[PDB]
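Asker:
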Amino acid sequence: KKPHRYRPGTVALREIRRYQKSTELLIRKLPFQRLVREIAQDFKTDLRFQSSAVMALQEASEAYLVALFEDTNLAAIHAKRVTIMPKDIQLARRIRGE
Amino acid sequence: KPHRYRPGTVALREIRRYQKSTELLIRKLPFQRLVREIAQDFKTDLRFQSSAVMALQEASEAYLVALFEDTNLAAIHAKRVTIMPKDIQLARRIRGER
Amino acid sequence: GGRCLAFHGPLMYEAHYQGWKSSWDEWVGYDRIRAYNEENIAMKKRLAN
Amino acid sequence: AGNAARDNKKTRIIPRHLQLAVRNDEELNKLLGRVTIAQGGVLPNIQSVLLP
Amino acid sequence: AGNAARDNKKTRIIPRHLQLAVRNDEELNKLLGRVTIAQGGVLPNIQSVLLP
Amino acid sequence: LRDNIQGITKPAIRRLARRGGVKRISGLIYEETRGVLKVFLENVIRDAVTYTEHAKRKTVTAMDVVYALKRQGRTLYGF
Amino acid sequence: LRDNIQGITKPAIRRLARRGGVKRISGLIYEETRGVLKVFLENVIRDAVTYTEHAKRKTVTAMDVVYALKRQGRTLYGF
DNA sequence: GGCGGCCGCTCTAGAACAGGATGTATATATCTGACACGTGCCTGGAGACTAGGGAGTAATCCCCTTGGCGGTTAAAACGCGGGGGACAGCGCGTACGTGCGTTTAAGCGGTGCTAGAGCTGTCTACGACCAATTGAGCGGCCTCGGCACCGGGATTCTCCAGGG
DNA sequence: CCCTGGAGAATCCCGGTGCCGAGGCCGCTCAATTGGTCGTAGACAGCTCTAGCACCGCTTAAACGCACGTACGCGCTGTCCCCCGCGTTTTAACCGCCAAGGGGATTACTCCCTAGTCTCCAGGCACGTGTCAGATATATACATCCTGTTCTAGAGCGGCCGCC
Numbered sequence: 036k037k038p039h040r041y042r043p044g045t046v047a048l049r050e051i052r053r054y055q056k057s058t059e060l061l062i063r064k065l066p067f068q069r070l071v072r073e074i075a076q077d078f079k080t081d082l083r084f085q086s087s088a089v090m091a092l093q094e095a096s097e098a099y100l101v102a103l104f105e106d107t108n109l110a111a112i113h114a115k116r117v118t119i120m121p122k123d124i125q126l127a128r129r130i131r132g133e
Numbered sequence: 037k038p039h040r041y042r043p044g045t046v047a048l049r050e051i052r053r054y055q056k057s058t059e060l061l062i063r064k065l066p067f068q069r070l071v072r073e074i075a076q077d078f079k080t081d082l083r084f085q086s087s088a089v090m091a092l093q094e095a096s097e098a099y100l101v102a103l104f105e106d107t108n109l110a111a112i113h114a115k116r117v118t119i120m121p122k123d124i125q126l127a128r129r130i131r132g133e134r
Numbered sequence: 011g012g013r014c015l016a017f018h019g020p021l022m023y024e025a080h081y082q083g084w085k086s087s088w089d090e091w092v093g094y095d096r097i098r099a100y101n102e103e104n105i106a107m108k109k110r111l112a113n
Numbered sequence: 066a067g068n069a070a071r072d073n074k075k076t077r078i079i080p081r082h083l084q085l086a087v088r089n090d091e092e093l094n095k096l097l098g099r100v101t102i103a104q105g106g107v108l109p110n111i112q113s114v115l116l117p
Numbered sequence: 066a067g068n069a070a071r072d073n074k075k076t077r078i079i080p081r082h083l084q085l086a087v088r089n090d091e092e093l094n095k096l097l098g099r100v101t102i103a104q105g106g107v108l109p110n111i112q113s114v115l116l117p
Numbered sequence: 022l023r024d025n026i027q028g029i030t031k032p033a034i035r036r037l038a039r040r041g042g043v044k045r046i047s048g049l050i051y052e053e054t055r056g057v058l059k060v061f062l063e064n065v066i067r068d069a070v071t072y073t074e075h076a077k078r079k080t081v082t083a084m085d086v087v088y089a090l091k092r093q094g095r096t097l098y099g100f
Numbered sequence: 022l023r024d025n026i027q028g029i030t031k032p033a034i035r036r037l038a039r040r041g042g043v044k045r046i047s048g049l050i051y052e053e054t055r056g057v058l059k060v061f062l063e064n065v066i067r068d069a070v071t072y073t074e075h076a077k078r079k080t081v082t083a084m085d086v087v088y089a090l091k092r093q094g095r096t097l098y099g100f
């Protein structure tokens, strides 16, 4: 007997392929919705958000983070690496102007 | 024996000098004739005002200076102190240009 | 005129020491010789030593 | 988008097809560079050094 | 700009002082982040690892 | 409502990076990505708050979210 | 007018990077910097060409360059 | 009498410190050239007026998001195994920093010409606005079929073990 | 240590269900369409005159090129600890169902203030000019950086002493 024991990286590449061609929202609805309410409650209390309003916020935030992750990933190969770093994000936001 | 400044000392001195002085780094006529040959592909009978070339030159340099700042930060991000063409290509890709 | 003229051991003196800063020149008039530029600056300073 | 729908043998145009059509065309990519498309994802590409 | 002019021992506002005033202040830097200023240069800052 | 910044779970951030083609994800990425998402959400929702307050409305609509994203060069199609 | 891309000389590109805080400059940077300068100029000047053509003028003014840079989010002060 | 252990001596090298070098920080001298003050208008805002129309407010309504329940099974989280990569470190070398010789064109000043942008009339079709109208866009309803779902099967690409 | 055969598991092609969102149809009604009518922005013609284009001296700081070496990009190694793949067990995510009651959306009355003029006048703009802060210039002076010499600590070696 012997376990399959996939090496690190190969299943991650498979998850890349299975999710780049996918369409469904990766972030769960209620955890993202609850995060919106607590952020808005610091600006204005007793505030409501429509279901399509949270849906519009969710896709825009995912695409912005995905595009940030592509810049984060492309900086890794630029830095002769395959693992992203917290400093990799900070460089990406600075170059983007954020 | 010559004083023989180490590599980096004079380069740092140019960094201090050009970051407080607002003199125009690229020469006027070599940049001016580059505008004429670029605009010749769009309009053969075209003229440019003296302030028109002046407005183009400061905008181009500030874009190049900002690009060089992003290019330089990518070098330290990649454990380097020398800017590279691949660092420039990463800067345009992150900024969304190329 | 010329390319080597100095009273001491010459260092390719113009008429100015080339490869050196401008604040090293002396234009005094003394006995100047060439000697094939002190036999190739003292045979490359005894081969760098 | 119809060509992309024919690539994955689909009759109905879905927002993934619209996103694939926009990003594949270099003229549409620069025109809609600052444009977010909902339910579209991104281009399924892998870096050369990231391949096994 | 007047504070930056006093730091440079100048009693006349020059475009370098205006650029220094905009970029030093954080809300002005973000507001005019996509803004080019002529005859202003940039902030005289050097990275830590570039120092001798 | 407290500690809702942890609603964006570690596999959720992992899945987002998989869509971006990221090979490996560090353990400190998730905390940084949550902070980046918090900053980005704090700008879009605040802009949508002013859009909603300008309309004398108490609930933020999806149309105001589109205007909040459009004014920063991040326009969203399909609402 | 040919070979005017070499008008941006090597010390001129060197002075640009020194203003940007660059300590060391590669030898292949100047050719790449000339390319991104040509691409940037081929967009702004062409935009100013359409501005000048629409204005019923045969000379490009600095005012037309102002809107050409502004429409790409690169607005210039002082004209 | 031989040899291990201990202490002193000289060799070597890292590092703090002082002196020389060259590109800038200032102290006047003087030019100088736009800066701001004064003036003379003069052209757009303001007081006043007329009229009307779009929102503030009130009411309704129905509608849509929040709270609030569970079921369930997908998935986050914890932990174990382990495995491949970030990084500290080292070595090579080359290629880019520094420096001047030499060249070559940047730029200042000058002169001449005309390409053409404002400027002023001129005259002319053109679009907002007003009656008058009218025909397919859209809300809604009927129908229907493309792919989500559920499995079934399979090529098919991939990893582990055996052989040279 | 590398090449090749067989089998485990996630993924891809395929048959059957159906269903719920998409395609098609009916009004019909409100926004698109037709004709006329002027104020008026705009195309067209002539003047001009102020700024750009082309060429010329020159001189001088900017730039090409070659010699040299040392900070640094890059190639290679280990490791270990940091991150992935998978088994297990919770967990809250998604879905089915229910009211609610603030709240978005619509309609109407009405009331303020903004559209549109008349007149004018006082602040704003073009012109003119004395002037006061900035730049050029240069000996003087910082000012830090690079390098040479000396100080002191560390390791290696050799001589001397005690023990078996």
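Residue numbers (PDB author numbering), protein chains in the order written: chain S, 36 to 133; chain O, 37 to 134; chain D, 11 to 25, 80 to 113; chain Q, 66 to 117; chain U, 66 to 117; chain T, 22 to 100; chain P, 22 to 100. Using N, Cα and C, we set each Cβ at its ideal position, and we do this for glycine too.
(1) State the DSSP-derived secondary structure class of P:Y98, mapped to helix, strand or coil.
(2) Curious, which full-length beta strand (DSSP E) runs of at least 3 residues does the segment 37-62 of chain P contain?
(3) Drop a sphere of 10 angstroms on the beta-carbon of T:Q27, count the other beta-carbons inside from all chains shown, and report buried for 16 or more, exposed for fewer.
(4) Report the three-state DSSP secondary structure of D:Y81 (helix, strand or coil).
(5) For S:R49 and T:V60, what's the separation of their Cα atoms in angstroms?
(6) Given a cut-off of 8 Å on the beta-carbon distance, is the pair P:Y72 and U:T101 in contact?
(7) On a CA-only basis, which of S:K56, S:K122, S:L65, S:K79 is nearest S:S86? Give me that one, please.
(8) Between the Cα of Q:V114 and those of T:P32, T:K44, T:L58, spot the shortest distance and give me the residue it belongs to.
(9) Would you give the residue range spanned by the alpha helix (DSSP H) that U:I102 belongs to?
(10) Out of S:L126, S:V117, S:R129, which one is the CA nearest neighbour of T:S47?
(11) Would you call the CB atoms of O:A114 and S:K115 closer than 8 Å?
(12) Could you spell out the range, first to last residue, of the alpha helix (DSSP H) harbouring T:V87?
(13) Give me the Cα-Cα distance between O:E133 and P:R55, rounded to the nearest whole angstrom.
(14) Please state whether DSSP places P:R78 in a helix, a strand or coil.
(15) Near Q:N68, which residues of its chain fall below 8 Å by C-beta distance, leaving aside the five closest residues on each side in sequence?
(16) Is the CB-CB distance between S:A91 and T:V87 below 8 Å?
(17) Please determine, among S:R52, S:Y41, S:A102, S:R69, the residue with the shortest C-alpha to C-alpha distance to T:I29.
(18) What's the gap between the Cα of O:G44 and the Cα of O:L60?
(19) Any C-beta of chain Q sitting closer than 8 Å to the C-beta of T:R78?
(20) Answer with yes or no whether the minimum CB distance from Q:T101 to chain S is below 8 Å.
(21) Decide if O:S96 is buried, meaning its Cβ has at least 16 other Cβ atoms within 10 Å, or exposed.
(22) Is O:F78 helix, strand or coil when you go by DSSP?
(23) Excluding five sequence neighbours on each side, which residues of the same chain lie with their C-beta closer than 7 Å to the C-beta of D:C14?
(24) Closer than 9 Å by beta-carbon distance: list the chain S residues that pair up with Q:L115, in chain order.
(25) Closer than 8 Å, Cβ to any Cβ of chain U: which residues of the segment 57-88 of chain P, in chain order?
(26) Using only the alpha-carbon positions, how far apart do D:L111 and O:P38 sit?
(27) Does Q:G106 get closer than 8 Å to chain S when you measure Cβ to Cβ?
(28) Could you tell me the alpha carbon to alpha carbon distance between P:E52 and S:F67, rounded to whole angstroms?
(29) Under 8 Å between C-beta atoms, does O:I130 make it to chain S?
(30) Can you tell me the Cβ-Cβ gap for residue 102 of chain T and Q:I111, rounded? I've got them flagged as a contact below 8 Å.
(31) Exposed or buried, O:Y41, counting other C-beta atoms within 10 Å across all chains shown (16 or more means buried)?
(32) Could you confirm whether any beta carbon from chain T is found closer than 8 Å to the beta carbon of Q:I111?
(33) Need the endpoints of the alpha helix (DSSP H) that O:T107 sits in, please.
(34) Helix or strand or just coil, what does DSSP make of O:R83?
(35) Go ahead and label T:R78 buried or exposed: buried means 16 or more other beta carbons lie within 10 angstroms of its beta carbon, across all protein chains shown.
(36) Would you list the residues sitting across from D:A16 in a DSSP beta bridge?
Answerer: Let me lay it out:
(1) Translated into positions along the seventh sequence, residue 98 of chain P becomes position 77. The three-state reading of DSSP puts P:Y98 in strand, counting E and B together.
(2) none
(3) What you label residue 27 of chain T is simply residue 6 of the sixth sequence in a count that begins at 1. Classification for T:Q27: exposed.
(4) Walking along the third sequence from the start, residue 81 of chain D turns up at place 17. In this structure, D:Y81 counts as strand in the three-state DSSP scheme.
(5) The residue labelled residue 49 of chain S in the question sits at position 14 within the first sequence. The residue labelled residue 60 of chain T in the question sits at position 39 within the sixth sequence. Near 31 Å, if we compare the C-alpha coordinates of T:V60 and S:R49.
(6) By 1-based counting over the seventh sequence, the position of residue 72 of chain P is 51. By 1-based counting over the fifth sequence, the position of residue 101 of chain U is 36. Result no, Cβ atoms of P:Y72 and U:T101 do not sit closer than 8 Å.
(7) Looking up residue 86 of chain S in the first sequence gives position 51. Looking at the Cα atoms, S:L65 is the closest of the given residues.
(8) In the fourth sequence, counting from the first residue as 1, residue 114 of chain Q sits at position 49. Taking only the C-alpha atoms, the option nearest Q:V114 is T:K44.
(9) Here residue 102 of chain U corresponds to residue number 37 of the fifth sequence, with the count starting at 1. It is not in any alpha helix (DSSP H) - U:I102 instead sits in the beta strand (DSSP E) that spans 100-102.
(10) Position 26 of the sixth sequence, counted from the first residue, corresponds to residue 47 of chain T. Nearest Cα to T:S47 within the set S:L126, S:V117, S:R129: S:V117.
(11) Your numbering for residue 114 of chain O matches position 78 in the second sequence. Your numbering for residue 115 of chain S matches position 80 in the first sequence. Yes, the pair counts as a contact, with Cβ atoms nearer than the cut-off.
(12) Here residue 87 of chain T refers to the residue found at position 66 when the sixth sequence is read from its first residue. Run containing T:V87: 83-91, per the alpha helix (DSSP H) assignment.
(13) Within the second sequence, the letter at position 97 stands for residue 133 of chain O. Within the seventh sequence, the letter at position 34 stands for residue 55 of chain P. Answer to the nearest angstrom: the Cα atoms are 15 Å apart.
(14) Counted from its first residue, the seventh sequence places residue 78 of chain P at position 57. The answer is coil: DSSP assigns P:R78 none of H, G, I, E or B.
(15) The residue given as residue 68 of chain Q occupies position 3 in the fourth sequence. The answer, listed in chain order, is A86.
(16) Residue mapping note: residue 91 of chain S aligns to position 56 of the first sequence, counting from 1. Residue mapping note: residue 87 of chain T aligns to position 66 of the sixth sequence, counting from 1. Yes.
(17) In the sixth sequence, the residue the question calls residue 29 of chain T occupies position 8. Checked all of S:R52, S:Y41, S:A102, S:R69; the closest Cα to T:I29 is S:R69.
(18) Here residue 44 of chain O refers to the residue found at position 8 when the second sequence is read from its first residue. Here residue 60 of chain O refers to the residue found at position 24 when the second sequence is read from its first residue. Straight-line Cα distance between these residues: approximately 23 Å.
(19) Counting from one through the sixth sequence, the residue named residue 78 of chain T turns up at place 57. Closer than 8 Å: no.
(20) Counting from one through the fourth sequence, the residue named residue 101 of chain Q turns up at place 36. By this cut-off, Q:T101 is an interface position.
(21) Position 60 of the second sequence, counted from the first residue, corresponds to residue 96 of chain O. Under this definition O:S96 is a buried residue.
(22) Numbered from its first residue, the second sequence carries residue 78 of chain O at position 42. Coil.
(23) Counted from its first residue, the third sequence places residue 14 of chain D at position 4. Excluding residues within five positions, the ones whose Cβ falls inside 7 Å are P20, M22, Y23, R98, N101.
(24) Walking along the fourth sequence from the start, residue 115 of chain Q turns up at place 50. Those are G44, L48, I51, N108, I112, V117, listed as they occur along chain S.
(25) none
(26) One-based indexing of the third sequence puts residue 111 of chain D at position 47. One-based indexing of the second sequence puts residue 38 of chain O at position 2. Roughly 19 Å between the two C-alpha positions.
(27) In the fourth sequence, counting from the first residue as 1, residue 106 of chain Q sits at position 41. At least one chain S Cβ lies under 8 Å of Q:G106.
(28) One-based indexing of the seventh sequence puts residue 52 of chain P at position 31. One-based indexing of the first sequence puts residue 67 of chain S at position 32. The alpha-carbon atoms of P:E52 and S:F67 are separated by roughly 47 Å.
(29) Here residue 130 of chain O refers to the residue found at position 94 of the second sequence. Closer than 8 Å to some Cβ of chain S, the Cβ of O:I130 qualifies, so yes.
(30) This structure cannot speak to residue 102 of chain T, because chain T is shown only from 22 to 100.
(31) Position 5 of the second sequence, counting from 1, holds the residue named residue 41 of chain O. Classification for O:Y41: exposed.
(32) The sequence position of residue 111 of chain Q within the fourth sequence is 46, counting from 1. Yes, its Cβ sits closer than 8 Å to a Cβ of chain T.
(33) Translated into the one-based positions of the second sequence, residue 107 of chain O becomes position 71. Per DSSP, O:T107 belongs to the alpha helix (DSSP H) from 86-113.
(34) For the purposes of this step, residue 83 of chain O is taken as residue 47 along the second sequence, with counting starting at 1. Strand, per DSSP.
(35) Reading the sixth sequence from its first residue, position 57 is the one you call residue 78 of chain T. Looking at its Cβ environment, which holds fewer than 16 other Cβ atoms inside 10 Å, T:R78 is exposed.
(36) Numbered from 1 along the third sequence, position 6 holds the residue referred to as residue 16 of chain D. Note: D:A16 sits in a beta bridge opposite D:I97.
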